[PDB]
$ cat start_3.cif   # mmCIF, C-alpha atoms
data_target
loop_
_atom_site.group_PDB
_atom_site.id
_atom_site.type_symbol
_atom_site.label_atom_id
_atom_site.label_comp_id
_atom_site.auth_asym_id
_atom_site.auth_seq_id
_atom_site.Cartn_x
_atom_site.Cartn_y
_atom_site.Cartn_z
ATOM 1 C CA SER I 5 2.670 -11.022 160.427
ATOM 2 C CA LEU I 6 5.935 -9.582 161.796
ATOM 3 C CA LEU I 7 7.925 -11.503 164.407
ATOM 4 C CA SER I 8 9.763 -9.907 167.314
ATOM 5 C CA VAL I 9 13.174 -8.405 166.487
ATOM 6 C CA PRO I 10 15.583 -9.012 168.249
ATOM 7 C CA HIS I 11 14.296 -12.562 167.787
ATOM 8 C CA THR I 12 15.524 -15.111 170.342
ATOM 9 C CA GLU I 13 14.556 -18.798 170.340
ATOM 10 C CA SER I 14 15.614 -22.055 171.949
ATOM 11 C CA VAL I 15 16.922 -24.536 169.354
ATOM 12 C CA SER I 16 18.453 -27.972 168.983
ATOM 13 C CA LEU I 17 20.557 -28.703 165.893
ATOM 14 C CA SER I 18 22.225 -31.756 164.391
ATOM 15 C CA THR I 19 23.636 -32.732 161.008
ATOM 16 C CA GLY I 20 20.885 -32.107 158.465
ATOM 17 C CA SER I 21 19.076 -29.369 160.378
ATOM 18 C CA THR I 22 18.075 -26.222 158.527
ATOM 19 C CA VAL I 23 17.407 -22.827 160.103
ATOM 20 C CA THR I 24 15.217 -20.792 157.743
ATOM 21 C CA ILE I 25 14.863 -17.018 158.113
ATOM 22 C CA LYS I 26 12.661 -14.829 155.919
ATOM 23 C CA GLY I 27 12.881 -11.084 156.378
ATOM 24 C CA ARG I 28 13.417 -7.711 154.787
ATOM 25 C CA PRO I 29 15.995 -4.981 155.518
ATOM 26 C CA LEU I 30 14.420 -1.963 157.161
ATOM 27 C CA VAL I 31 16.039 0.604 154.804
ATOM 28 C CA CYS I 32 17.602 0.799 151.342
ATOM 29 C CA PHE I 33 21.087 -0.662 150.842
ATOM 30 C CA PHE I 34 22.494 2.833 150.213
ATOM 31 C CA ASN I 35 22.246 3.438 153.980
ATOM 32 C CA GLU I 36 23.828 0.063 154.858
ATOM 33 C CA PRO I 37 21.272 -1.771 157.010
ATOM 34 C CA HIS I 38 22.708 -4.718 158.924
ATOM 35 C CA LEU I 39 21.597 -8.241 159.797
ATOM 36 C CA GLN I 40 23.114 -10.401 162.538
ATOM 37 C CA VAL I 41 22.419 -14.099 163.188
ATOM 38 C CA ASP I 42 24.093 -15.622 166.266
ATOM 39 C CA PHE I 43 24.008 -19.343 167.142
ATOM 40 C CA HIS I 44 24.500 -19.337 170.941
ATOM 41 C CA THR I 45 25.481 -22.131 173.339
ATOM 42 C CA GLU I 46 22.915 -21.051 175.984
ATOM 43 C CA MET I 47 19.719 -19.008 176.195
ATOM 44 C CA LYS I 48 21.650 -16.285 178.027
ATOM 45 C CA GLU I 49 22.599 -13.625 175.513
ATOM 46 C CA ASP I 50 26.207 -13.362 176.749
ATOM 47 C CA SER I 51 26.751 -17.064 176.092
ATOM 48 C CA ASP I 52 29.337 -18.166 173.535
ATOM 49 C CA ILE I 53 28.489 -18.031 169.844
ATOM 50 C CA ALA I 54 29.253 -21.035 167.654
ATOM 51 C CA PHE I 55 28.292 -19.132 164.502
ATOM 52 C CA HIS I 56 28.124 -15.341 164.140
ATOM 53 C CA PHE I 57 26.820 -14.195 160.746
ATOM 54 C CA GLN I 58 26.770 -10.427 160.144
ATOM 55 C CA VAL I 59 25.546 -8.940 156.847
ATOM 56 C CA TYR I 60 26.417 -5.380 155.836
ATOM 57 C CA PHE I 61 23.772 -5.221 153.115
ATOM 58 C CA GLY I 62 25.238 -3.930 149.858
ATOM 59 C CA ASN I 63 28.765 -4.258 151.252
ATOM 60 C CA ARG I 64 30.119 -7.475 152.781
ATOM 61 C CA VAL I 65 29.600 -10.304 155.266
ATOM 62 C CA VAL I 66 31.587 -11.097 158.417
ATOM 63 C CA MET I 67 31.553 -14.440 160.250
ATOM 64 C CA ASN I 68 33.189 -15.457 163.523
ATOM 65 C CA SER I 69 32.819 -17.374 166.758
ATOM 66 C CA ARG I 70 32.891 -16.146 170.359
ATOM 67 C CA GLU I 71 34.503 -18.797 172.566
ATOM 68 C CA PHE I 72 34.841 -18.371 176.339
ATOM 69 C CA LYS I 73 33.634 -14.787 175.804
ATOM 70 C CA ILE I 74 36.394 -13.973 173.262
ATOM 71 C CA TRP I 75 35.860 -13.233 169.568
ATOM 72 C CA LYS I 76 38.071 -15.483 167.452
ATOM 73 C CA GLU I 77 39.323 -15.332 163.860
ATOM 74 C CA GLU I 78 37.134 -13.150 161.678
ATOM 75 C CA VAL I 79 36.352 -14.387 158.172
ATOM 76 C CA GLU I 80 35.053 -12.050 155.475
ATOM 77 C CA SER I 81 33.049 -12.539 152.299
ATOM 78 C CA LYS I 82 32.332 -10.074 149.535
ATOM 79 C CA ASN I 83 29.567 -12.317 148.172
ATOM 80 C CA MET I 84 26.426 -10.153 148.132
ATOM 81 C CA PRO I 85 23.450 -12.024 146.629
ATOM 82 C CA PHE I 86 20.985 -9.948 148.644
ATOM 83 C CA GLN I 87 18.790 -7.619 146.592
ATOM 84 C CA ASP I 88 18.146 -3.983 147.489
ATOM 85 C CA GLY I 89 14.659 -3.449 148.860
ATOM 86 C CA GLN I 90 13.734 -7.139 148.633
ATOM 87 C CA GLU I 91 12.612 -9.853 150.989
ATOM 88 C CA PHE I 92 15.265 -12.546 151.413
ATOM 89 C CA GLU I 93 15.134 -16.173 152.514
ATOM 90 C CA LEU I 94 18.151 -17.394 154.464
ATOM 91 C CA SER I 95 18.555 -21.147 154.892
ATOM 92 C CA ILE I 96 21.420 -22.083 157.198
ATOM 93 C CA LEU I 97 22.137 -25.770 156.658
ATOM 94 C CA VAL I 98 23.953 -27.671 159.407
ATOM 95 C CA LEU I 99 26.383 -29.951 157.602
ATOM 96 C CA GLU I 100 28.806 -32.362 159.238
ATOM 97 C CA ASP I 101 31.791 -30.071 158.666
ATOM 98 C CA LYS I 102 30.296 -26.573 158.503
ATOM 99 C CA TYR I 103 27.331 -24.278 158.480
ATOM 100 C CA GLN I 104 26.321 -23.471 154.924
ATOM 101 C CA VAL I 105 24.285 -20.304 154.371
ATOM 102 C CA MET I 106 21.974 -20.259 151.378
ATOM 103 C CA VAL I 107 20.398 -17.060 150.112
ATOM 104 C CA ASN I 108 17.260 -17.733 148.076
ATOM 105 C CA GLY I 109 18.186 -21.386 147.629
ATOM 106 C CA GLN I 110 21.890 -21.258 146.701
ATOM 107 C CA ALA I 111 24.907 -21.491 149.021
ATOM 108 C CA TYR I 112 27.020 -18.326 149.280
ATOM 109 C CA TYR I 113 28.782 -18.600 152.657
ATOM 110 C CA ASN I 114 30.375 -21.416 154.657
ATOM 111 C CA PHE I 115 31.796 -21.570 158.178
ATOM 112 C CA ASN I 116 33.577 -24.699 159.425
ATOM 113 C CA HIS I 117 32.537 -25.763 162.913
ATOM 114 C CA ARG I 118 34.695 -24.401 165.719
ATOM 115 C CA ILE I 119 32.222 -25.200 168.532
ATOM 116 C CA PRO I 120 30.379 -28.554 168.295
ATOM 117 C CA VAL I 121 26.921 -28.292 166.747
ATOM 118 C CA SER I 122 25.514 -30.148 169.761
ATOM 119 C CA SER I 123 26.509 -27.220 171.995
ATOM 120 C CA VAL I 124 24.122 -24.811 170.222
ATOM 121 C CA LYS I 125 21.004 -24.097 172.286
ATOM 122 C CA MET I 126 19.738 -20.682 171.104
ATOM 123 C CA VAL I 127 19.584 -18.527 167.977
ATOM 124 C CA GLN I 128 19.226 -14.740 167.959
ATOM 125 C CA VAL I 129 18.356 -12.730 164.836
ATOM 126 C CA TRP I 130 18.612 -8.958 165.092
ATOM 127 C CA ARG I 131 19.724 -5.556 163.690
ATOM 128 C CA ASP I 132 17.971 -3.736 160.852
ATOM 129 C CA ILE I 133 15.432 -6.245 159.507
ATOM 130 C CA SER I 134 11.803 -7.179 159.827
ATOM 131 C CA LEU I 135 11.068 -10.886 160.209
ATOM 132 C CA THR I 136 8.160 -12.959 158.940
ATOM 133 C CA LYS I 137 9.583 -16.458 159.379
ATOM 134 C CA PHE I 138 11.968 -18.254 161.707
ATOM 135 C CA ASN I 139 11.802 -22.053 161.357
ATOM 136 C CA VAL I 140 14.081 -24.809 162.641
ATOM 137 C CA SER I 141 13.594 -28.060 160.742
ATOM 138 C CA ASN I 142 12.043 -30.962 162.653
ATOM 139 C CA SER Z 5 5.392 4.987 175.017
ATOM 140 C CA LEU Z 6 7.837 3.762 172.347
ATOM 141 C CA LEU Z 7 8.360 5.777 169.164
ATOM 142 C CA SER Z 8 8.868 4.269 165.723
ATOM 143 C CA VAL Z 9 12.399 3.028 164.968
ATOM 144 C CA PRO Z 10 13.759 3.777 162.348
ATOM 145 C CA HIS Z 11 12.548 7.233 163.378
ATOM 146 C CA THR Z 12 12.365 9.821 160.585
ATOM 147 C CA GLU Z 13 11.233 13.429 161.066
ATOM 148 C CA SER Z 14 11.257 16.727 159.211
ATOM 149 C CA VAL Z 15 13.378 19.336 161.025
ATOM 150 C CA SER Z 16 14.669 22.879 160.753
ATOM 151 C CA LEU Z 17 17.844 23.808 162.641
ATOM 152 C CA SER Z 18 19.776 26.997 163.323
ATOM 153 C CA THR Z 19 22.437 28.125 165.779
ATOM 154 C CA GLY Z 20 21.109 27.347 169.250
ATOM 155 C CA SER Z 21 18.850 24.457 168.264
ATOM 156 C CA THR Z 22 18.976 21.276 170.315
ATOM 157 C CA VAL Z 23 17.936 17.818 169.127
ATOM 158 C CA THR Z 24 17.134 15.669 172.169
ATOM 159 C CA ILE Z 25 16.924 11.874 171.927
ATOM 160 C CA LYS Z 26 16.050 9.570 174.822
ATOM 161 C CA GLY Z 27 16.316 5.843 174.252
ATOM 162 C CA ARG Z 28 17.727 2.544 175.400
ATOM 163 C CA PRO Z 29 19.922 -0.007 173.581
ATOM 164 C CA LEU Z 30 18.011 -3.156 172.732
ATOM 165 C CA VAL Z 31 20.670 -5.563 174.116
ATOM 166 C CA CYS Z 32 23.585 -5.590 176.557
ATOM 167 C CA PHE Z 33 26.830 -3.876 175.525
ATOM 168 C CA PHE Z 34 28.616 -7.251 175.427
ATOM 169 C CA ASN Z 35 26.807 -7.933 172.128
ATOM 170 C CA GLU Z 36 27.608 -4.468 170.707
ATOM 171 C CA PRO Z 37 24.250 -2.857 169.902
ATOM 172 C CA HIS Z 38 24.502 0.154 167.603
ATOM 173 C CA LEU Z 39 22.875 3.574 167.355
ATOM 174 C CA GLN Z 40 22.898 5.792 164.262
ATOM 175 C CA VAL Z 41 21.729 9.419 164.037
ATOM 176 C CA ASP Z 42 21.794 11.008 160.562
ATOM 177 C CA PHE Z 43 21.074 14.699 159.870
ATOM 178 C CA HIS Z 44 19.874 14.666 156.232
ATOM 179 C CA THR Z 45 19.519 17.483 153.692
ATOM 180 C CA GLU Z 46 16.146 16.181 152.400
ATOM 181 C CA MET Z 47 13.327 13.912 153.558
ATOM 182 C CA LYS Z 48 14.465 11.304 151.027
ATOM 183 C CA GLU Z 49 16.595 8.760 152.840
ATOM 184 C CA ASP Z 50 19.323 8.734 150.161
ATOM 185 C CA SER Z 51 19.831 12.476 150.578
ATOM 186 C CA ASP Z 52 23.183 13.801 151.783
ATOM 187 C CA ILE Z 53 24.027 13.666 155.475
ATOM 188 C CA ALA Z 54 25.446 16.753 157.168
ATOM 189 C CA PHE Z 55 26.081 14.837 160.394
ATOM 190 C CA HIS Z 56 26.357 11.050 160.732
ATOM 191 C CA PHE Z 57 26.734 9.869 164.336
ATOM 192 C CA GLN Z 58 27.219 6.117 164.840
ATOM 193 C CA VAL Z 59 27.650 4.601 168.317
ATOM 194 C CA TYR Z 60 29.124 1.129 168.795
ATOM 195 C CA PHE Z 61 27.935 0.825 172.389
ATOM 196 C CA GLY Z 62 30.754 -0.304 174.670
ATOM 197 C CA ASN Z 63 33.297 0.252 171.894
ATOM 198 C CA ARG Z 64 33.624 3.532 169.981
ATOM 199 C CA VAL Z 65 31.881 6.276 168.011
ATOM 200 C CA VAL Z 66 32.247 7.157 164.325
ATOM 201 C CA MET Z 67 31.185 10.460 162.741
ATOM 202 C CA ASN Z 68 31.168 11.537 159.099
ATOM 203 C CA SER Z 69 29.300 13.370 156.374
ATOM 204 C CA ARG Z 70 27.895 12.091 153.077
ATOM 205 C CA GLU Z 71 28.201 14.815 150.433
ATOM 206 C CA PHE Z 72 26.903 14.353 146.878
ATOM 207 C CA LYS Z 73 26.305 10.701 147.825
ATOM 208 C CA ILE Z 74 29.944 10.127 148.909
ATOM 209 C CA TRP Z 75 31.113 9.411 152.459
ATOM 210 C CA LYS Z 76 33.855 11.847 153.447
ATOM 211 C CA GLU Z 77 36.545 11.844 156.140
ATOM 212 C CA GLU Z 78 35.677 9.547 159.019
ATOM 213 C CA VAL Z 79 36.402 10.782 162.538
ATOM 214 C CA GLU Z 80 36.567 8.403 165.494
ATOM 215 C CA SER Z 81 36.105 8.799 169.231
ATOM 216 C CA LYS Z 82 36.831 6.335 171.993
ATOM 217 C CA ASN Z 83 34.775 8.396 174.454
ATOM 218 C CA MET Z 84 32.124 6.015 175.814
ATOM 219 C CA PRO Z 85 29.965 7.693 178.485
ATOM 220 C CA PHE Z 86 27.026 5.414 177.702
ATOM 221 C CA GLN Z 87 26.107 2.968 180.462
ATOM 222 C CA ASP Z 88 25.399 -0.719 179.874
ATOM 223 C CA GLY Z 89 21.710 -1.523 180.137
ATOM 224 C CA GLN Z 90 20.714 2.095 180.801
ATOM 225 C CA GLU Z 91 18.493 4.684 179.207
ATOM 226 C CA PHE Z 92 20.502 7.552 177.721
ATOM 227 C CA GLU Z 93 19.649 11.142 176.844
ATOM 228 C CA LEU Z 94 21.431 12.543 173.801
ATOM 229 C CA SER Z 95 21.341 16.308 173.301
ATOM 230 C CA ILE Z 96 22.852 17.409 169.998
ATOM 231 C CA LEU Z 97 23.467 21.146 170.236
ATOM 232 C CA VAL Z 98 23.775 23.127 167.003
ATOM 233 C CA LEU Z 99 26.577 25.603 167.616
ATOM 234 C CA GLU Z 100 27.876 28.154 165.132
ATOM 235 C CA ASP Z 101 30.970 26.091 164.320
ATOM 236 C CA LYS Z 102 29.946 22.498 165.057
ATOM 237 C CA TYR Z 103 27.455 19.999 166.322
ATOM 238 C CA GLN Z 104 28.142 19.179 169.952
ATOM 239 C CA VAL Z 105 26.777 15.885 171.279
ATOM 240 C CA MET Z 106 25.997 15.724 174.976
ATOM 241 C CA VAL Z 107 25.357 12.442 176.747
ATOM 242 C CA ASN Z 108 23.369 12.922 179.951
ATOM 243 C CA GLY Z 109 24.133 16.638 180.012
ATOM 244 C CA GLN Z 110 27.874 16.790 179.245
ATOM 245 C CA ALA Z 111 29.565 17.200 175.853
ATOM 246 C CA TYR Z 112 31.578 14.189 174.655
ATOM 247 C CA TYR Z 113 31.682 14.533 170.852
ATOM 248 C CA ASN Z 114 32.049 17.423 168.406
ATOM 249 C CA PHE Z 115 31.791 17.621 164.620
ATOM 250 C CA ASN Z 116 32.630 20.849 162.776
ATOM 251 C CA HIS Z 117 30.111 21.779 160.099
ATOM 252 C CA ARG Z 118 30.934 20.529 156.613
ATOM 253 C CA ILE Z 119 27.438 21.104 155.161
ATOM 254 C CA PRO Z 120 25.645 24.321 156.225
ATOM 255 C CA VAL Z 121 23.224 23.838 159.112
ATOM 256 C CA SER Z 122 20.524 25.540 157.034
ATOM 257 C CA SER Z 123 20.661 22.654 154.541
ATOM 258 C CA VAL Z 124 19.454 20.110 157.133
ATOM 259 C CA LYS Z 125 15.810 19.142 156.609
ATOM 260 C CA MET Z 126 15.426 15.665 158.167
ATOM 261 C CA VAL Z 127 16.795 13.556 161.017
ATOM 262 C CA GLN Z 128 16.750 9.754 161.127
ATOM 263 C CA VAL Z 129 17.463 7.738 164.286
ATOM 264 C CA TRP Z 130 17.851 3.991 163.883
ATOM 265 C CA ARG Z 131 19.699 0.700 164.611
ATOM 266 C CA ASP Z 132 19.481 -1.195 167.898
ATOM 267 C CA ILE Z 133 17.601 1.149 170.249
ATOM 268 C CA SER Z 134 14.134 1.816 171.546
ATOM 269 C CA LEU Z 135 13.044 5.455 171.579
ATOM 270 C CA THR Z 136 10.831 7.335 174.015
ATOM 271 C CA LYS Z 137 11.670 10.919 173.060
ATOM 272 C CA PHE Z 138 12.679 12.842 169.959
ATOM 273 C CA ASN Z 139 12.411 16.625 170.408
ATOM 274 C CA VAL Z 140 13.708 19.516 168.310
ATOM 275 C CA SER Z 141 13.859 22.754 170.286
ATOM 276 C CA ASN Z 142 11.431 25.506 169.281
#
$ encode --input "start_3.cif" --output "structure tokens"
Amino acid sequence: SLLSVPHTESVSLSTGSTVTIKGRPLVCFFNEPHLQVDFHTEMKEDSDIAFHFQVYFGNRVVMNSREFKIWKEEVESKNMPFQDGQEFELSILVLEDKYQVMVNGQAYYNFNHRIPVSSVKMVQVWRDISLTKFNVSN
Amino acid sequence: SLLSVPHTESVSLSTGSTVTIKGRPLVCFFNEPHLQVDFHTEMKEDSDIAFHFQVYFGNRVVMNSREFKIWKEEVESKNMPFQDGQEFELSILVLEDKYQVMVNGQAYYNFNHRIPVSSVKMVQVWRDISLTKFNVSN
């Protein structure tokens, strides 16, 4: 069963929360499908983003925050555990000091908190993926 | 009635052909939705691309070709006639010397042919849009 994409949900996070996302890129890596996960401070889609996670499948990952409507310092990663043509499971763990992004059960990306975790109220998952699971831990 | 996205169709083009695309970005420009239109040499999605047209809505446009599986010289445009939140009509006119991309009936982008027009056999339209029309002129 495919979930709506763009996928937008109300959330509440604290230390120990996990946001789990299972999906599949819509096309082969050769054509560079993208994935974007944005942790927003309000349900409104122009609200600030505590954690922006953008995957250029087969290429690289970009992370950032948008604070008072301004994009801040971009961080890059060349870690690329994602597998061409395959379903992936993202688990974004909310640690005290950072978000930690696991791909298939191992941590590959980290982003220290710039906006307090308690300010996050919405998550949006979008770009070139299908989605079968979006779960926030209880 | 919404068409499938990614949208992939067999085509045949010659001088005077028009490829018309009507669609709407899936989110507001503030969050930078994308649009990609690729004129391919075969139905296979890893085939070469005679004309790659990538819109960063609210930002800029990138055009290129992929020849023998290699991306060539990137050209940029800051022309941005697209309107936040609005349906657009793209008309890509196949001229003798170039592709000419009209937005709502006026030409804003041009790309001189690098691959012969007669080699184009497929068009793919994808990224963050909905689609209501894809028409190749008879």
$ resolve_selection --input "start_3.cif" --expression "the PyMOL selection byres ((chain Z and resi 67) around 7)" --output "list in words"
residues 56, 57, 58, 65, 66, 68, 78, 79 and 80 of chain Z
$ atom_distance --input "start_3.cif" --atom1 "CA of residue 60 in chain Z" --atom2 "CA of residue 90 in chain Z"
14.7 Å
$ interface_residues --input "start_3.cif" --of "chain Z" --to "chain I" --cutoff "8 Å" --atoms "only C-alpha atoms" --output "number ranges by chain"
Z: 10, 30, 34-35, 49-50, 131-132
$ resolve_selection --input "start_3.cif" --expression "the PyMOL selection byres ((chain Z and resi 136) around 9)" --output "list in words"
residues 5, 6, 7, 25, 26, 27, 28, 134, 135, 137 and 138 of chain Z
$ closest_residue --input "start_3.cif" --among "Z:116, Z:83, Z:45, Z:40" --to "residue 14 in chain Z" --atoms "all atoms listed in the file"
Z:45
$ residues_around --input "start_3.cif" --residues "residue 44 in chain Z" --least-positions-apart "4" --cutoff "12 Å" --atoms "all atoms listed in the file" --output "tab-separated table (two decimals) with C-alpha atoms, in the coordinates of the input"
chain	number	residue	atom	x	y	z
I	35	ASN	CA	22.25	3.44	153.98
Z	12	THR	CA	12.36	9.82	160.58
Z	13	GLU	CA	11.23	13.43	161.07
Z	14	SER	CA	11.26	16.73	159.21
Z	15	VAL	CA	13.38	19.34	161.02
Z	16	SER	CA	14.67	22.88	160.75
Z	17	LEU	CA	17.84	23.81	162.64
Z	48	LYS	CA	14.46	11.30	151.03
Z	49	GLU	CA	16.60	8.76	152.84
Z	50	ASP	CA	19.32	8.73	150.16
Z	51	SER	CA	19.83	12.48	150.58
Z	52	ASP	CA	23.18	13.80	151.78
Z	53	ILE	CA	24.03	13.67	155.48
Z	54	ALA	CA	25.45	16.75	157.17
Z	55	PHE	CA	26.08	14.84	160.39
Z	56	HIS	CA	26.36	11.05	160.73
Z	57	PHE	CA	26.73	9.87	164.34
Z	69	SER	CA	29.30	13.37	156.37
Z	70	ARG	CA	27.90	12.09	153.08
Z	71	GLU	CA	28.20	14.82	150.43
Z	72	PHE	CA	26.90	14.35	146.88
Z	73	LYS	CA	26.30	10.70	147.82
Z	119	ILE	CA	27.44	21.10	155.16
Z	120	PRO	CA	25.64	24.32	156.22
Z	121	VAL	CA	23.22	23.84	159.11
Z	122	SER	CA	20.52	25.54	157.03
Z	123	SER	CA	20.66	22.65	154.54
Z	124	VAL	CA	19.45	20.11	157.13
Z	125	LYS	CA	15.81	19.14	156.61
Z	126	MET	CA	15.43	15.66	158.17
Z	127	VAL	CA	16.80	13.56	161.02
Z	128	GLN	CA	16.75	9.75	161.13
Z	129	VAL	CA	17.46	7.74	164.29
$ closest_residue --input "start_3.cif" --among "Z:18, Z:81, Z:142, Z:24" --to "residue 115 in chain Z" --atoms "all atoms listed in the file"
Z:81
$ residues_around --input "start_3.cif" --residues "residue 107 in chain Z" --least-positions-apart "5" --cutoff "7 Å" --atoms "all atoms listed in the file" --output "MDAnalysis selection string"
chainID Z and resid 85 92:95 112
$ atom_distance --input "start_3.cif" --atom1 "CA of residue 104 in chain Z" --atom2 "CA of residue 61 in chain Z"
18.5 Å
$ closest_residue --input "start_3.cif" --among "I:22, I:77, I:11, I:140" --to "residue 105 in chain I" --atoms "all atoms listed in the file"
I:22
$ closest_residue --input "start_3.cif" --among "I:43, I:118, I:141, I:64" --to "residue 102 in chain I" --atoms "all atoms listed in the file"
I:118
$ atom_distance --input "start_3.cif" --atom1 "CA of residue 47 in chain Z" --atom2 "CA of residue 63 in chain I"
24.0 Å
$ residues_near_point --input "start_3.cif" --point "(21.1, 30.0, 170.9)" --cutoff "10 Å" --atoms "all atoms listed in the file" --output "ChimeraX atom specification"
/Z:18-22,97-100
